[PDB]
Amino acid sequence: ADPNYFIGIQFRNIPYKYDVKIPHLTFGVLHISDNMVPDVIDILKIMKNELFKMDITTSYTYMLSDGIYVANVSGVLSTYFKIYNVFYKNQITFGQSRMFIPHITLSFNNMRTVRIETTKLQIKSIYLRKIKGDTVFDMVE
C-alpha cells in the first residue's frame, strides 16, 4: 500500500537556477489501483477551476534535507484541504504518508538560500503520474 501516484504541477516560469530536468510541485500523493485512474481524473476535472485558481508563489530557496535544495511554495493550503477531503470521502487514499510542506526541488546539492521578491508561478499544467512511471493524465487551463 505504498504511495504509487502523484498529482504534479509544472510551471511556465521558475525564477531560480536549477539542475533538475523539469521543476515541479508534488501537490498530492496517492495510493490507488490503476483502474481507479478514471475516478481520480473525474475528481481532478471537477476541481479543475479551483486548482487553476490557485495563486502559487515562491520567495526563497532552502535545504529541505541533506542534499535536497528546493524552492518554497505558498498558496496551495486551502485547495489541498478540499482535495484531501474529497479523496478521503471517496475512499481514495491520498496524503496519508506525505508531509504537507509544499516545495519545488531545484538541485541535488548543498547550496545557500536565495531570496527574491514574491513571484507568482504561473501554472503550465496539472497532471497525474505513476511514481517512477508515465503520466496518465494532463490538463491545461
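The first residue of the sequence shown is number 1, and the count goes up from there.
In this entry, 31-39 shows the higher mean Cα temperature factor of the pair 100-108 and 31-39. Legend: mean Cα B-factor per stretch from the PDB entry, 132-140 versus 4-12; the higher mean is in 132-140. Across the residues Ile116, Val70, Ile92, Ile56, the deposited record lists the maximum Cα B factor for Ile116. In the deposited coordinates, the residue among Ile46, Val76, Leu64, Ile83 with the greatest CA B-factor is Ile46. When the modelled residues of the chain are ordered by C-alpha B-factor, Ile22 sits in the highest third.
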